[PDB]
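Single-structure report; data block below.
Positions of Cβ are generated from backbone atoms using ideal geometry, with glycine treated the same way; all protein chains shown enter the neighbour counts. Each answer follows from the model by the rule given with it, or from the source it names; no laboratory read-out is quoted.
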Amino acid sequence: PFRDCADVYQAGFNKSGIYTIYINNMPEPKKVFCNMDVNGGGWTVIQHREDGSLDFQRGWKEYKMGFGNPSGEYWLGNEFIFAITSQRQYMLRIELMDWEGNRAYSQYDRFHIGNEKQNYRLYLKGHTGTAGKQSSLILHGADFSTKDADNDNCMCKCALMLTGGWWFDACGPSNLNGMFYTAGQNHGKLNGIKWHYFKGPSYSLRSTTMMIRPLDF
Amino acid sequence: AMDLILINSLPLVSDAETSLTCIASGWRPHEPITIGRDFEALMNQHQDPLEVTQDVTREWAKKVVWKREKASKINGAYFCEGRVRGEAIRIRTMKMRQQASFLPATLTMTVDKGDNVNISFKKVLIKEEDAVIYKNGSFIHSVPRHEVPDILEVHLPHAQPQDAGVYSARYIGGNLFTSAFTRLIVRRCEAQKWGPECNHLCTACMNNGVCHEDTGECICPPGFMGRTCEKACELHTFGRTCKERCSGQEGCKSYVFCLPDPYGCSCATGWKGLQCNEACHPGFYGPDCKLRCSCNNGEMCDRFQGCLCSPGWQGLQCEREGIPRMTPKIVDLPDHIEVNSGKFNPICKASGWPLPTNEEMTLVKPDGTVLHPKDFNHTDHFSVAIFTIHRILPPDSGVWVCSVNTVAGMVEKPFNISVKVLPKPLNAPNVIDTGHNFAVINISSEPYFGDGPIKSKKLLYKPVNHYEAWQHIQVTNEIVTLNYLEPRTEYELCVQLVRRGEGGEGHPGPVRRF
């Protein structure tokens, strides 16, 4: 009765596609997207952006359970991403691309997030990867914010400034859940889909994809 | 054609008052001075009908005083228009919380297409949010909370001309008004290049002058003039031709000046700082004190003017001997004019040792067009310039001015021109007596179609075949004997004015035979 994409790859499936993962003390599964090529495969995708079909400007309840389709653009859900990183200890990679056709990735050794009474608080560690020297996500953490949750360590309202939902410090150096900007607008836009230490604050990237698999692989 | 100065009585608002005075050097009448908020260069300003009162320390100026404490919704950018003949002109400044969170370290920058520029702000009121950078009130980028530098920089290399305007800087969770403002001016062409394509060169303007990219002439810093801005204008004087006075007993230690767009804004020459409050460190002299004294043989340095050459030496750095160059003066111009309506050849005469060349001499139609010399006489002293108008009519009745602008100064002098219309009589002449060999006639011409004083009356006559006429007339009713026998004759009345165009058509006319 398997619970992520790393298990799907253990069980001999070496292809990327839609699969269905069931979660511990979660009655009732979730279709997800498993990436089996990168590095060594066994990756479990928590969000995919590539075109802007999907609207990321949503509320808690919506960001809690996740939305979009595992096929195209999506978000897994926090009470899922939480329910998945309490089972063990997970690593995190993040797959970027700008409009000039340029991959990049940040990658983190430890990754875990607390619960709903803990505001899905961010706990990362060990930032490696080509997306800048420094971490464009804040590692020590502050709480998760959406349009109806001023949880940021900021005094303003960082949801309703950068659009959607993310880990907002005093508005951190990243927002992969922001505003999708098409080719050409993608220069000098602020509430965009951004990552500071890679392409610059005023960029809106092209194709983000955040993913996890456990350490032990 | 227009001398428009924007005075900012300190662009940093505290609890006290600040004031914007827009001064025009013009005369008869006074083209309506606009002063409004500058909604384009910094969008999302809050709209407020600002009161433009009139200023009375000067000839013509309108001023906007917000009173102490009511300095509320004054954050933003501002402007004043002055205009000319279909042509506009506007000067742009800013006003901001003295507090705020930052300090632009300069209100305007004058930089040339393709220069590396470092648009800065000093960090003042440190808070635990991020820093942010806003041009045209459109977003750019920012600075994460913990790595907030001490001098918030913005680097723009090879700046393009569509890449300028007003820049902001605030602590993210804030007003589009708690910000701090700096203006960036990029001209079409590189320094010392001007023209409609960048294929000409500027009058090289010393003393920090700025070379207009449309005219190749220089917009000079306040207290300097010439075409090359080299002229040591008098103490506590400013403008195009330095006829204006700083009010304040210590001169201009708090007047932030602002100039036609290709320049930007700056202190009076003698004052360092954001508020011009700061005296200039010795050996420096220009506007903002941005000019360093390279006096060759060690002549004193003046925070206001520059090098104070020993008698018999003149020059930027006392680097030249020669006769002490004298600034031009417009000579043998009278106060009043009155010319009659037609072709017209007006004549400017100007003394001075830089001894004008027709490049440097112009005339200004009351509407405000520049007329250039169609020819040039000269002499030993006084260059002499002559101009031409097609037909001058009575609507050009007003003030015109001689503009002389040499390298060691600019002068202007005016003259009220009252164009008068030609006579032409109203009625026909009426015939008194006929006969075999003569006729007698009432010259009409007391009802006359124009104006003026009538100085000669000439009698016109013909048969039906050719033309002739004449007889300069000395009594209203007239007797032409020595006539044929039976011809048809045609008689016309023709009046005359004061010199030049004084002929002026006839119409009238009857006919007879014997």
Exercise. Looking at the stretch B:143-162, which of the residues that are surrounded by 12 or more Cβ atoms within 10 Å (Cβ to Cβ) and facing chain A (nearest Cβ under 10 Å) is nearest to B:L103 (Cα to Cα)?
Worked result: B:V143
For this session: Select from the stretch B:129-140 the residues that are at the interface with chain A (Cβ under 10 Å from one of its Cβ atoms) and polar (S, T, N, Q) and list them in ascending order.
Result: B:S138
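Those residues that are in a helix (DSSP H, G or I) and charged (D, E, K, R), I need them from the stretch A:41-90; list them, please.
First, the residues of the stretch A:41-90 that are in a helix (DSSP H, G or I): A:60-65, A:78-84.
Once the filter is applied, which keeps residues that are in a helix (DSSP H, G or I) and charged (D, E, K, R), the stretch A:41-90 yields A:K61, A:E62, A:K64, A:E79.
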Exercise. Within 14 Å of another protein chain (Cβ to nearest Cβ) and of a type outside the set (S, T, N, Q): does that describe A:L160?
Worked result: yes
Seminar exercise, completed: Those residues of the stretch B:432-449 that are buried (at least 19 other Cβ atoms within 10 Å of the Cβ) and of a type in the set (A, V, I, L, M) come to a total of 3
Problem set entry | Number of the exception - B:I126 against (1) more than 14 Å from chain A (Cβ to nearest Cβ); (2) surrounded by fewer than 21 Cβ atoms within 10 Å (Cβ to Cβ); (3) at negative phi | (1)
Exercise. How many of the residues in the stretch B:277-312 are more than 15 Å from B:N207 (Cα to Cα) and touching a residue at least 40 places away in the same chain (Cβ under 8 Å)?
Worked result: 0
For this session: Restrict the check to the stretch A:195-213 and report whether at least one residue is in a strand (DSSP E or B) and either within 12 Å of chain B (Cβ to nearest Cβ) or closer than 22 Å to B:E129 by Cβ (or both).
Result: yes
Exercise. Which residues, counting only those in the stretch B:346-368, are polar (S, T, N, Q) and either in the same structural domain as B:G504 (by TED's automatic domain parsing) or more than 24 Å from B:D396 (Cα to Cα) (or both)?
Worked result: B:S351, B:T357
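So is B:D380 assigned to a loop (DSSP other than H, G, I, E, B), charged (D, E, K, R), touching a residue at least 40 places away in the same chain (Cβ under 8 Å) and more than 30 Å from B:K458 (Cα to Cα) or not? Reasoning before the result, please.
Details: assigned to a loop (DSSP other than H, G, I, E, B): yes; charged (D, E, K, R): yes; touching a residue at least 40 places away in the same chain (Cβ under 8 Å): no; more than 30 Å from B:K458 (Cα to Cα): yes.
So B:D380 fails the test.
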For this session: Determine whether A:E100 is under 30 Å from A:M36 (Cβ atoms) and part of a loop (DSSP other than H, G, I, E, B).
Result: yes
Problem set entry | Residues within the stretch B:163-178 that are surrounded by 17 or more Cβ atoms within 10 Å (Cβ to Cβ), within 13 Å of another protein chain (Cβ to nearest Cβ) and of a type in the set (A, V, I, L, M), tallied | 1
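Listed here are the residues, each with its yes/no results for (1) of a type in the set (S, T, Y); (2) within 33 Å of the chain's Cα centre (by Cα).
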site	(1), (2)
B:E87	no, yes
B:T93	yes, yes
B:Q99	no, no
B:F102	no, no
B:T106	yes, yes
B:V117	no, yes
B:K122	no, no
B:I133	no, no
B:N136	no, yes
For this session: Identify the residue in the stretch A:170-194 that is touching a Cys at 6+ places or on another chain (Cβ under 9 Å) and farther than 29 Å from A:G42 by Cβ and, among all such residues, is nearest to the other protein chains (Cβ to nearest Cβ).
Result: A:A170
Exercise. Does B:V401 satisfy the criteria of being without any contact (Cβ under 8 Å) to a residue 60 or more places away in the chain, closer than 30 Å to B:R325 by Cα and assigned by TED's automatic domain parsing to the domain that holds B:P366?
Worked result: yes
For this session: Looking at (1) more than 10 Å from chain B (Cβ to nearest Cβ); (2) on the phi < 0 side of the Ramachandran plot; (3) assigned to a loop (DSSP other than H, G, I, E, B), find the lone condition where A:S145 falls short.
Result: (3)
Exercise. Which one of B:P414, B:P429 is farther than 30 Å from B:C205 by Cα, surrounded by 14 or more Cβ atoms within 10 Å (Cβ to Cβ), in contact (Cβ under 8 Å) with a residue 24 or more places away in the chain and under 55 Å from the mean Cα position of the chain (by Cα)?
Worked result: B:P429
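With the condition kept exactly as written, say whether any residue in the stretch A:116-132 is aliphatic (A, V, I, L, M), closer than 22 Å to A:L205 by Cβ and not in a loop (DSSP other than H, G, I, E, B).
From the stretch A:116-132, those aliphatic (A, V, I, L, M) are A:122, A:124, A:131; that's our starting set.
So of that shortlist, the ones also closer than 22 Å to A:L205 by Cβ come out as A:122, A:124, A:131.
Keeping just the survivors that are not in a loop (DSSP other than H, G, I, E, B) gives A:122, A:124.
Among the residues of the stretch A:116-132, at least one is aliphatic (A, V, I, L, M), closer than 22 Å to A:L205 by Cβ and not in a loop (DSSP other than H, G, I, E, B), which makes the answer yes.
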Exercise. How many of the residues making up the stretch A:111-142 are touching a residue at least 60 places away in the same chain (Cβ under 8 Å) and out of contact with any helix residue (DSSP H, G or I) (no Cβ under 9 Å at 6 or more places or on another chain)?
Worked result: 1
Problem set entry | Looking only at the stretch B:138-152, and only at residues there that are closer than 23 Å to A:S135 by Cβ and part of a loop (DSSP other than H, G, I, E, B), the one that is farthest from the chain's Cα centre (by Cα) | B:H146
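Whether any residue in the stretch B:203-213 is charged (D, E, K, R), in contact (Cβ under 8 Å) with a residue 40 or more places away in the chain, more than 14 Å from chain A (Cβ to nearest Cβ) and farther than 30 Å from B:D302 by Cβ is what I want to check. Full working, then the answer.
Quick first cut of the stretch B:203-213, residues charged (D, E, K, R) only: B:213.
Retained after the next criterion (residues that are in contact (Cβ under 8 Å) with a residue 40 or more places away in the chain): B:213.
If we keep only those that are more than 14 Å from chain A (Cβ to nearest Cβ) as well, we get B:213.
If we keep only those that are farther than 30 Å from B:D302 by Cβ as well, we get B:213.
Yes, there is a match, as at least one residue in the stretch B:203-213 is charged (D, E, K, R), in contact (Cβ under 8 Å) with a residue 40 or more places away in the chain, more than 14 Å from chain A (Cβ to nearest Cβ) and farther than 30 Å from B:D302 by Cβ.
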Seminar exercise, completed: Note on B:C80: of the conditions (1) within 14 Å of chain A (Cβ to nearest Cβ); (2) under 29 Å from B:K62 (Cβ atoms), unmet is (1)
Exercise. What is the residue count in the stretch A:113-140 for residues that are surrounded by fewer than 19 Cβ atoms within 10 Å (Cβ to Cβ), within 14 Å of chain B (Cβ to nearest Cβ) and not hydrophobic (A, V, I, L, M, F, W, C)?
Worked result: 4
Exercise. What number of residues in the stretch A:14-33 are aromatic (F, W, Y) and outside any loop (DSSP other than H, G, I, E, B)?
Worked result: 2
Exercise. So B:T203 fits all but one of (1) farther than 22 Å from B:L274 by Cβ; (2) surrounded by 22 or more Cβ atoms within 10 Å (Cβ to Cβ); (3) of a type in the set (S, T, Y); what number is the exception?
Worked result: (2)
Exercise. Which members of the stretch B:237-254 meet the condition of being outside any strand (DSSP E or B) and either over 19 Å from B:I91 (Cβ atoms) or within 21 Å of the chain's Cα centre (by Cα) (or both)?
Worked result: B:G239, B:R240, B:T241, B:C242, B:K243, B:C246, B:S247, B:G248, B:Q249, B:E250, B:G251, B:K253
Exercise. Identify, please: which residue in the stretch B:314-327 is surrounded by 14 or more Cβ atoms within 10 Å (Cβ to Cβ) and without any contact (Cβ under 8 Å) to a residue 12 or more places away in the chain and is, among those, farthest from B:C280 (Cα to Cα)?
Worked result: B:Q314
